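# Residue-level structure breakdown
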Amino acid sequence: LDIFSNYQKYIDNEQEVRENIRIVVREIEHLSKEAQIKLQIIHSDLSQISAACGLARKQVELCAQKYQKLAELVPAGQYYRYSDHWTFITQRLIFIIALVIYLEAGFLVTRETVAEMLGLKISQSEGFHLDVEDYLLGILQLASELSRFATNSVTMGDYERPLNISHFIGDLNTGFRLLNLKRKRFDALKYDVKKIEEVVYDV
Amino acid sequence: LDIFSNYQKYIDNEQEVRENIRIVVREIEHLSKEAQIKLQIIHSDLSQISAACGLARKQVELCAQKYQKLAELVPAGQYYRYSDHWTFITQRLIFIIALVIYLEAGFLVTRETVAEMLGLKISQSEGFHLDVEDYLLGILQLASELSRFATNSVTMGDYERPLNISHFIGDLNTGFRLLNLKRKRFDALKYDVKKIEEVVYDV
Amino acid sequence: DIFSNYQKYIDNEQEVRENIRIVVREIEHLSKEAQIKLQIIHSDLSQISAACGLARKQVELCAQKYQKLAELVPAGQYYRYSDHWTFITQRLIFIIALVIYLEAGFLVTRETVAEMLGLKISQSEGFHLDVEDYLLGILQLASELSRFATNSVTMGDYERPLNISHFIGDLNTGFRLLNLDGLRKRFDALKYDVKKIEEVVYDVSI
Amino acid sequence: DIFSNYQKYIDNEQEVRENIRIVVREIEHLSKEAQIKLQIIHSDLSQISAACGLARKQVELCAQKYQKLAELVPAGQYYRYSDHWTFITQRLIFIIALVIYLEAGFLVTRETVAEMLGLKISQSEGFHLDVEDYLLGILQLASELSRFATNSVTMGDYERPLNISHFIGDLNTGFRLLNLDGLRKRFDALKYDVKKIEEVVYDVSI
Amino acid sequence: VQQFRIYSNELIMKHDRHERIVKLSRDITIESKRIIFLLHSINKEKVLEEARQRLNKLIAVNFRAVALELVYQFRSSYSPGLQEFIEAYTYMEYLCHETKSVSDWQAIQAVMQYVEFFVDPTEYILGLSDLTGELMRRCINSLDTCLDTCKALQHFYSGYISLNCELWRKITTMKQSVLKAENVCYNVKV
Amino acid sequence: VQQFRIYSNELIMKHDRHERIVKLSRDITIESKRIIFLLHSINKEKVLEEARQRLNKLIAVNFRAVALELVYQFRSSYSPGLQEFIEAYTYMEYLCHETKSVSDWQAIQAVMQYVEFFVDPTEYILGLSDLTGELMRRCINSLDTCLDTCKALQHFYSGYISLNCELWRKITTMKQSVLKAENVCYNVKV
């Protein structure tokens, strides 16, 4: 126990900081959920498609504040020592945002934009940044969502959306085609493309 | 593909640097192996118990040089982005060294010592350091080894070693007892203790 | 359809699930003391008495914290959050079960144990000690007494393997009289450990 | 007992396993061009001709690199390292199999394909195109022509679903005449895709 | 010692109570399964009133499986027994309409409190996912009536994605069923 | 087209060759298993010479399973057939003694080249782990003879930990067997 006291202290510290970041993370998740259910209402009725966006946005801001918080929770490097939690959640948020901006205008946000919105810095030299993989997976979820959506636009009577969406997803997809394997998500989208093209042909 | 070119380039870069660290890692593994088989000879015959240590040591030095190399391979933080490879190998080496020093004198090396030997810096603020978890698991392997050893000391006629080893492992074990769970290795040693105490009682 | 309350229920649960966790942890340390003390007895015999007074000194503390864990439990919610404190409770029951073998030639019982940990017996009385936890805390005792018999023989005592073998003999019988849950495997393990202690007892013929 | 050579054998293997990997990668890009071109045809028809001249322009390059992969293969070592280039080879065979449907009303064959990729046929001739790889490169063609039939209908062509349905009809038959390995599942999938194209062909009645 | 003569017994009591309770859970789970089966018939609408009455008798058998109550220790059997009930019942309601749909497990614990009670917390929010399944069933029965099922499932979903995630297993499969449905209400409108 | 009339055939040839080869692999694997079984008898030492001869006939059956050779495409059947052989053979040697032990797969490919050959690379270094198993068998047969098995297994191990790691599955279990052995040679010397 001569030196093991120091190590018990150190590790109790690290696990502490972990189950202390977990707090902030849950706190983000909840907001995310709020927005998420709202976009479910864009799935139910097209009128709310706008007010809903507004709402989701005012959730995104708060999330940004609490990301300032987590950014404060990560020491020196270590960013990847505590990576995971906020990877799944920020995949959620990158999604939310990309979806929202597509609902607004006919394109997908950039890494940069999503970053500025979440009060996050872009490059890894800034301590707490918005990693790329995260971004990509987020927009992949975007692609998955727009399918169910177009389907539900013809559902409630809209022979217009599915085309824009089919282009968007078309060239986005080809966008992933030039990416490499090291990865099942890229294939999944490879399929949602098929679903939308199908709903378009139905016109 | 507007922005996806940049991301394809970036990720091809990252995977490159990965399968470029892998080289250096294999290169370390081999040396480790050499030393490892030598300590197998401490298992076969007690005369070579010394020359063998010497050998293992001259392997450890080289490994240190190539760890200077890998330390050069890790940018900014990122240390934990490319953590794993050298964790399994350096667990191997922490082991090798701790074992060697026990063969030399009746104690276990420190984090610090193992560090200096591998030309590694101690704290994480030094970019490439020798993480604690690694250290611990390494010495756990030490404990696992000394059992087979004592057994094989009475085997070839030595009613002395198993006692020193039983003390060493005794208070080491109690050493892990004051550590926390967050972990099957600690229990495994909890058992090797039993094996050695058994071989001691046999005296 | 307004899941505000729907989720808010579990949202009030979680907080509790934490307020008990802190307790589980501090207790974890409390017993960690004792455990270290008892790991001391495989090294030197002349510590026994001490290790008792100390361990018990620790336990009269554990109970005090356990009562804090008591008022946190609203009526019949013992078996709603129990899973947090059982694995620890067993380590205490085990501590006790050891100390009272190191002081006397037998083991304690549900009652004797609960009275020490400031707990009750029947669920109707309130916060209690589930019999299962008791039993499980008891078994470990054996796998301990195996190593302790080995060591205590490494140190000159010819009586330890005997006494211990009687103790475990009767324990085994008692666990055989029980229904022919998931503790069965542990009973098999006990069988193994009995075998070992018997081996040792025989070996004390030289 | 001196495993210096014992391990040194595989240690000489690995290097090779790499020198072929670089090739596999550059080829991967080479075909990535073509693949992009063909993903272009689900968006605009008036590109067809071009996408051919380009894709083929790419292929006359692939073969040149494949020959580099050839001399790296000592005698009968094709099936010792093949696993690296098969999954790619199939993507090429598929590229081809597509282009020659976009230019003509049929598919290419083992010979026709190998002559283009600067490869041989029978293992005895040297570096060859394993028939399996050929077949697998062929199947994907279908799951493609399904989406391409859907889109090509989104764009006014009433003949595409027909032609395609004939093509896939005969392909299917040909894959049914084969033994009743692990390509069977892929054949089932083919059955599905045939069903779909038939649906589409019917639907062209309005 | 002769201690265990009281232990083995003391817990054997539990063995027994658990067994008999499992009996009542079998009887309730199947006895309810038959009720939803009845609600699968679509004809007329006698099945609705006869079914509601039958459920009201299952409040008598539930009355039985709570009879011997004086905690979660036994809630293990609360399987299908308690779950199936919530499903069939809530189904009675969310096809009874033609939008809560409708019960709310508190109202249920209110009709169970008349048993003088069986606690009814998260088992509810589960039984209601099972009810999503059920709605899917009413719809699949069709083939102008699937649309109701679609709206219903979109609301349910929005109300099941709306919480904290265990249940991920239920909510995922529920999303899949909502995709089934949405795809049908979509295919309708050719 | 009428193309596939040549494809289906062209590969069916492979189906057949593979099947017959698997026949010869069954015959060799079992026909060898019997030989090591014979080497399990410990008596006298006729089993050694009779066994070596029998193995020399299995060089004739191996002569058969290479007969139809003109690559790895078929090496799949090289299972136990080729592995079992290396085991039994190497056993003949590492109990033939009383330290290479002894063969070396190159010498083997040299006695197989007389077949005029079946390549013999990593299948060797595997068959020799199987031979570690075998030594364990010779030892377990005992009960002054286990010690040889212990030294043998410590050398083997040092020579199997000595390389690059697939085989981890073999080498781990081999370590376990070396622990068995070391524990026995230890228990002997009370």
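Residues numbered from 1 in each chain as written, not as in the entry; some residues may be left out. Chains lettered and ligands numbered in written order. Heavy atoms only, no water. Residues with missing side-chain atoms left out of burial classes, pairs and counts.

By the method listed in its record, X-ray crystallography, this PDB entry was determined to a resolution of 3.4000 Å.

In the nomenclature of the PDB entry, chain E corresponds to Translin associated factor X, isoform B from the organism Drosophila melanogaster. The PDB lists this entry under the title "Crystal structure of Drosophila hexameric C3PO formed by truncated Translin and Trax". Heading Sequence similarities (unreviewed entry) of the UniProt record for chain E holds this comment: "Belongs to the translin family." (UniProt positions renumbered as here; feature names shortened; annotations may be inferred.)

Labelled according to the PDB entry, chain A appears under the name Translin, originating from Drosophila melanogaster. The Sequence similarities (unreviewed entry) field of the UniProt record for chain A holds the comment "Belongs to the translin family."

Attention shifts here to the UniProt feature "binding site: Mg(2+)" (unreviewed entry) in chain E. Residues and elements named next belong to chain E. The residues that UniProt annotates with the feature "binding site: Mg(2+)" (unreviewed entry) are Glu-87 and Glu-134. Assessed through its relative accessible area of 3%, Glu-87 is described here as buried. If near-sequence neighbours (up to four positions away) are discounted, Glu-87 is found in contact with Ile-36, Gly-127, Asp-130, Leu-131, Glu-134 and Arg-137. (Buried < 20%, exposed > 50% of the residue type's maximum accessible area, 1.4 Å probe, protein only. Contact = heavy atoms within 4.5 Å.)

Turning next to the interface of chain B and chain A. With 31 residues of chain B in contact, the opposing surface of chain A contributes 31 residues. The set of elements that each furnish at least two residues to the side of chain B that touches chain A consists of α1 (4-44), α5 (132-155) and α6 (161-177) of chain B. It is α1(B) that contributes the most residues to the side of chain B that touches chain A, nine residues altogether. Here the residues of the side of chain B that touches chain A are counted per class, giving 14 nonpolar, nine polar and eight charged. (Helix = DSSP H or I, 4+ residues; strand = E, 2+ residues; numbered from the N terminus. Nonpolar A, V, L, I, M, F, W, Y, C, P; charged D, E, K, R; others polar.)

Attention now goes to helix α6 (residues 161-177) of chain A. In this model α6(A) runs 24 Å from its N-terminal to its C-terminal C-alpha over 17 residues, within 8% of the 24 Å that 1.5 Å per residue would give. Among the 17 residues in α6(A), twelve count as buried, and that is most of the element. The complete set of buried residues in α6(A) reads A:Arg161, A:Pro162, A:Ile165, A:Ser166, A:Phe168, A:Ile169, A:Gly170, A:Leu172, A:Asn173, A:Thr174, A:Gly175 and A:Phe176. Looking at the buried positions of α6(A), the neighbouring elements they touch are α3 (84-104), α5 (132-155) and α7 (184-201) of chain A, α1 of chain B together with α1 (4-39) of chain D. (Expected span 1.5 Å × (residues − 1).)

Turning our eyes to something else, we now look at the environment of F:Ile21. By secondary structure assignment, the location of F:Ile21 is in helix α1 (residues 4-38). Once you skip the residues sitting within four places of it in the chain, F:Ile21 turns out to touch F:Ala65, F:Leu68, F:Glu69, F:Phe74 and F:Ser77.

Turning to the arrangement of the chains, a few remarks are in order. With nine pairs of chains in contact, the largest contact count belongs to chains A and B. The two partners chain A and chain F share no contact, and the minimum distance between any of their C-alpha atoms is 21 Å. For chain C and chain F, which are not in contact, the least C-alpha distance works out to 12 Å.

Okay, the packing of aromatic side chains next. One pass over the full model with this rule turns up 46 aromatic pairs over all chains. Judged by centre distance (5.3 Å) and plane angle (45°), the ring pair of D:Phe175 and F:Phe4 falls under tilted. One end of the pair, D:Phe175, is in helix α7 (residues 160-176); the other, F:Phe4, is in helix α1, on a second chain. The residues D:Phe175 and F:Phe4 share a single accessibility class, namely buried. Put simply, the rings of A:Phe4, A:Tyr7, B:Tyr135, B:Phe176 and B:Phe186 touch in pairs and so form one group of aromatic residues. (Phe/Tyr/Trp six-rings, centres within 6.5 Å; stacked < 30°, edge-to-face > 60°.)

This brings us to the relation of the copies chain B and chain A. Once chain B is rotated about the relating axis by 180° and shifted along it by 0.0 Å, it coincides with chain A to within an RMSD of 0.0 Å. As the rotation angle and translation indicate, the two copies are arranged about a two-fold axis. Measuring from the rotation axis to each C-alpha of chain B, the shortest distance belongs to B:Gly77, at 2.2 Å. Counting the interface residues of chain B, we find that 100% of their copies in chain A are interface residues as well, pointing to one common contact surface. (Least-squares fit on C-alpha atoms.)

The subject of this paragraph is the pattern of salt bridges. Following the criterion strictly, the structure yields 38 salt bridges over all chains and no others. Between A:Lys66 and A:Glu27 there is a salt bridge, with the nearest N and O atoms lying 2.7 Å from each other. Taken as a pair, A:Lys66 in helix α2 (residues 49-73) and A:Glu27 in helix α1 (residues 4-44) lie far apart in primary sequence, 39 residues in all. Here C:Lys57 and C:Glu60 are joined by a salt bridge, their closest N and O atoms 3.0 Å apart. (Salt bridge = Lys/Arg side-chain N within 4 Å of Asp/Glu carboxyl O.)

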